[PDB]
2 protein chains.
Amino acid sequence: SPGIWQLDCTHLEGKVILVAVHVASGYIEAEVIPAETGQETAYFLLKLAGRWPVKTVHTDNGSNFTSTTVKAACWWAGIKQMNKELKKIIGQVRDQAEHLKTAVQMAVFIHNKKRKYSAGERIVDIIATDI
Amino acid sequence: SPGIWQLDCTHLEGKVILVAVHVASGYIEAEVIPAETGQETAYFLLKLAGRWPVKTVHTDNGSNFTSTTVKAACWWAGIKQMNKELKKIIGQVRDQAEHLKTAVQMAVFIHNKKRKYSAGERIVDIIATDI
Ligand SMILES: Cc1ccc(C2CC2)c(-c2ccc3c(c2)CCCO3)c1[C@H](OC(C)(C)C)C(=O)O
Ligand SMILES: Cc1ccc(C2CC2)c(-c2ccc3c(c2)CCCO3)c1[C@H](OC(C)(C)C)C(=O)O
Ligand SMILES: [Mg+2]
Ligand SMILES: [Mg+2]
C-alpha cells in the first residue's frame, strides 16, 4: 500500500542515521542525527509528511514512538502507527567525502536512482497512480 | 519543464530558511540552517537530488552558487545551473510550535497539501508523466 513507510535508526562512526523506507517502492530518505531522541524522530516525521502522503509508519523498535513529541507529530500530520544495503553503499563512497552525512546522502542518491525502474521512479509512479 | 528547481534563502527570527521550489508544480522543500554558507547549500542540493530528478537549479542570488563546495555537489549529482506565501503560513502557525524549524515544516506541509490538485499531487504527476 502506497501510504506505508518504515522508520528505523542505525549506527555508524558513533553517529545515528535515521532511515525511512517507502515499503512499496524501496525508496529511501535518510538524515544523520546526533543521537536517537524522540524530538529528532518527531521533526523527521513532520519533514517526511510534508513531502509524501504518509498514512502509516512502521518501525522495528516500537519504543521509538513512545515519546510525547513523536505522538504529537503523528497527531498533527494525521499519521497512524535495508540498513545493510545502505551501509554497503556508504562504505563504497565513504572515502570520497569528509563528513559521514555527506556520504549518507550520496548513498541515498545512488540507491534511489539504481535501476533494478529505480526506487525513485517507482515511488513517483505508485503515488501518482493512487491519485 | 520537470527537472527545474528554484533555490533561495530567506531570513526570519535571525535564522536562515533555505527554500527549494519545483517551478512547474509549486511544490516546496525547506530547511532552517544556521546561516547562508556554501557548505549548507551544497549539502541541501545533495539531499534534494537524491529525492527528485534535479536537472537544473535557478536562484535569485547568483553569488549563492560560487563556492567550490556548491560546484562539487552540482558536478557529482549532475546538476546544471513564494518567500512571501511561505512566510504567511509560517506566521499563521508560528504560535503552535516552540522552534522556528518546526513551524517551517508545518508550513511546507500546509502549502504542499493545499488544493488550488495540490502542489504535492502535481509534482508527483509531472514526474511520473515524464517517465
Ligand atoms: C566538507 C567538504 C569540503 C569540500 C567539499 C568539496 C570539494 C569542494 C565537500 C563536498 C561537496 C559536495 C560533494 C562532495 C564533497 C562529495 C561528492 C558529493 O558532492 C565537503 C563535504 O561536506 C559538505 C557539507 C557536503 C560541503 C564533505 O563531507 O566532504
Ligand atoms: C520542542 C517541542 C516540544 C514538545 C512538542 C510536542 C507536544 C509534545 C513539540 C512538537 C512536536 C510535534 C509537533 C508540534 C510540536 C507542533 C505541530 C506539529 O507537530 C516540540 C517541537 O519541536 C520538535 C523538534 C518538533 C520536537 C516545537 O518546535 O515545538
Ligand atoms: Mg530504530
Ligand atoms: Mg537566496
# chains A, B, ... in the order shown; residues from 1 in each chain; ligands from 1

call {"tool": "closest_atom_pairs", "arguments": {"of": "chain B", "to": "ligand 4", "cutoff": "7 Å", "atoms": "only C-alpha atoms and all ligand atoms", "output": "tab-separated table"}}
result
residue	atom	partner	partner_atom_place_in_ligand_line	distance
B:7	CA	ligand 4	1 (Mg)	6.8
B:8	CA	ligand 4	1 (Mg)	3.4
B:9	CA	ligand 4	1 (Mg)	3.8
B:10	CA	ligand 4	1 (Mg)	6.4
B:59	CA	ligand 4	1 (Mg)	6.6
B:60	CA	ligand 4	1 (Mg)	6.0
B:61	CA	ligand 4	1 (Mg)	5.1
B:64	CA	ligand 4	1 (Mg)	6.5

call {"tool": "interface_residues", "arguments": {"of": "chain A", "to": "chain B", "cutoff": "8 Å", "atoms": "only C-alpha atoms", "output": "VMD selection string"}}
result
chain A and resid 29 43 46 to 47 49 to 52 102 105 to 106 108 to 110 112 to 113 120 to 121 124 to 125 127 to 128 131

call {"tool": "atom_distance", "arguments": {"atom1": "CA of residue 91 in chain A", "atom2": "CA of residue 18 in chain A"}}
result
16.8 Å

call {"tool": "atom_distance", "arguments": {"atom1": "CA of residue 16 in chain B", "atom2": "atom 22 (O, counted along the ligand's line) of ligand 2"}}
result
17.2 Å

call {"tool": "closest_atom_pairs", "arguments": {"of": "chain B", "to": "ligand 2", "cutoff": "6 Å", "atoms": "only C-alpha atoms and all ligand atoms", "output": "Markdown table"}}
result
| residue | atom | partner | partner_atom_place_in_ligand_line | distance |
| --- | --- | --- | --- | --- |
| B:96 | CA | ligand 2 | 16 (C) | 5.6 |
| B:97 | CA | ligand 2 | 29 (O) | 3.5 |
| B:98 | CA | ligand 2 | 29 (O) | 3.5 |
| B:99 | CA | ligand 2 | 28 (O) | 3.6 |
| B:102 | CA | ligand 2 | 28 (O) | 4.5 |

call {"tool": "write_last_selection", "arguments": {"atoms": "N, CA and C atoms", "output": "PDB file, in the first residue's frame"}}
result
ATOM      1  N   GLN B  96       2.002  27.811  17.482  1.00  0.00           N
ATOM      2  CA  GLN B  96       1.745  26.418  17.824  1.00  0.00           C
ATOM      3  C   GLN B  96       3.010  25.618  18.089  1.00  0.00           C
ATOM      4  N   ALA B  97       4.185  26.161  17.783  1.00  0.00           N
ATOM      5  CA  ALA B  97       5.415  25.417  17.976  1.00  0.00           C
ATOM      6  C   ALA B  97       6.449  26.278  18.668  1.00  0.00           C
ATOM      7  N   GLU B  98       7.318  25.619  19.430  1.00  0.00           N
ATOM      8  CA  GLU B  98       8.433  26.332  20.041  1.00  0.00           C
ATOM      9  C   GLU B  98       9.435  26.790  18.985  1.00  0.00           C
ATOM     10  N   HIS B  99       9.928  25.857  18.176  1.00  0.00           N
ATOM     11  CA  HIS B  99      11.052  26.128  17.288  1.00  0.00           C
ATOM     12  C   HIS B  99      10.583  26.636  15.935  1.00  0.00           C
ATOM     13  N   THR B 102      10.321  23.871  13.425  1.00  0.00           N
ATOM     14  CA  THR B 102       9.070  23.124  13.479  1.00  0.00           C
ATOM     15  C   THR B 102       7.963  23.842  12.711  1.00  0.00           C
TER      16      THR B 102
END

call {"tool": "select_by_dssp", "arguments": {"residues": "chain A", "states": "alpha helix (DSSP H)", "output": "VMD selection string"}}
result
chain A and resid 38 to 51 68 to 77 83 to 93 100 to 113 119 to 130

call {"tool": "closest_residue", "arguments": {"among": "A:32, A:12, A:57, A:82", "to": "ligand 1", "atoms": "only C-alpha atoms and all ligand atoms"}}
result
A:32

call {"tool": "closest_residue", "arguments": {"among": "A:93, A:35, A:54, A:24", "to": "ligand 3", "atoms": "only C-alpha atoms and all ligand atoms"}}
result
A:35

call {"tool": "select_by_dssp", "arguments": {"residues": "range 45-109 of chain A", "states": "strand (DSSP E or B)", "output": "PyMOL selection string"}}
result
chain A and resi 56-58+80

call {"tool": "write_last_selection", "arguments": {"atoms": "C-alpha atoms", "output": "PDB file, in the first residue's frame"}}
result
ATOM      1  CA  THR A  56       1.095   4.804   8.441  1.00  0.00           C
ATOM      2  CA  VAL A  57       4.604   4.318   9.802  1.00  0.00           C
ATOM      3  CA  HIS A  58       6.122   1.032  10.971  1.00  0.00           C
ATOM      4  CA  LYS A  80      -1.173   6.232  12.392  1.00  0.00           C
TER       5      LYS A  80
END
